[PDB]
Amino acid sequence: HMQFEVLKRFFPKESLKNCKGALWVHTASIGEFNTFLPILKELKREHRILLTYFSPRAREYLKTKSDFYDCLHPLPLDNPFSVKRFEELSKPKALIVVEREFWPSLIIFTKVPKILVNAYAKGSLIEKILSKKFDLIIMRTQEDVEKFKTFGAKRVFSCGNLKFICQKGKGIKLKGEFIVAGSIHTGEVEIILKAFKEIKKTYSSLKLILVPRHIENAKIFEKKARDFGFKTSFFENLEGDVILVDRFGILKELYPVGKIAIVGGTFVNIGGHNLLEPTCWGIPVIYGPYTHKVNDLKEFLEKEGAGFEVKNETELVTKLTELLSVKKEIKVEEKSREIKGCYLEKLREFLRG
């Protein structure tokens, strides 16, 4: 089945010797790794990297990212001896913990200089006790900083949320004016078509590019839009009022083509997909009420004036019209350069000496 690597954790591999002096980066699982990746890309340039993870579900994925590290090993089991053997074999120059892997033996029984990034405070007793054990803490909010400072942590700063860093890609150019609806589920399709139908009464040249959450549904989606009375086409072919995308990936590259984006997983009870993507391009994003899985991101976008929650077909029409008549300025990308810059600055300085 899956590889738990229990022996490796308990008795870290001898070959760690071959990675001595590296910068040790710990990403509990795939999420943490992706969140830290933009920082890792830069650090990887000035340091050899020793990468560890906790979840067995992350091994296979991380193996595909060998470009971003020199050595890969699971985190040692949390006893003084496994942890000390890990540190003694690898003699790491420092350890960066992404988000909050409060492993007591790891934190208590290693001597490696320790750095926590993207942390937030909960006010719990384990925080009171272990926070002071880090040489440097970078938090998401100045509020979190305050709490940790009352915990006797020195060297604590706020740099913002690493999750809000833009990772854009090349992108695509298309002539025409478009709305781009991405990661749309079957149960979201009709409300969007009915909204776009109401809109086209006014904006006759406007086209909808529609990208299903599952590209397999590209044909069911087409037939629906056809049933609604739209001329339709499949991407590459831009002839339709509703343009369906059937090729995987591509979605993040399509956003720059539009004036307004709509992101699914939000009009049905899914919890929201990736709201950030379109806004990194200076485009406002509209979403439905079901954002519980991306709540921090939601509150961030609303504060940045870049995200807009709509409750129903009517609100959607109303919001779309507002954004088509008045171009909403978006500054998410500058914030992104700012968070990234702050994190990378403090880390480079800390690592310098």
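Numbering starts at 1 and follows the sequence shown.
Here 2-10 and 343-351 are compared by their mean Cα B-factor, and 343-351 comes out higher. Mean CA temperature factor is higher for 143-151 when stretches 143-151 and 82-90 are set side by side in the entry. Sorting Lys327, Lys65, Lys298, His47 by the CA temperature factor given in the entry leaves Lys327 at the top. For the set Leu51, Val285, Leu40, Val310, the maximum C-alpha B-factor listed in the entry falls on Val310. In the deposited entry, the Cα temperature factor of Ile215 places it in the highest third of its chain's modelled residues. Per the deposited record, the Cα B-factor of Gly258 falls in the highest third when ranked against the other modelled residues of its chain. When the CA B factors of the chain's modelled residues are split into thirds, the value for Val98 lands in the lowest one. Compared with the other modelled residues of the chain, the Cα B-factor recorded for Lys132 ranks in the middle third. The entry lists a Cα temperature factor for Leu16 that places it in the middle third of the chain's modelled residues.
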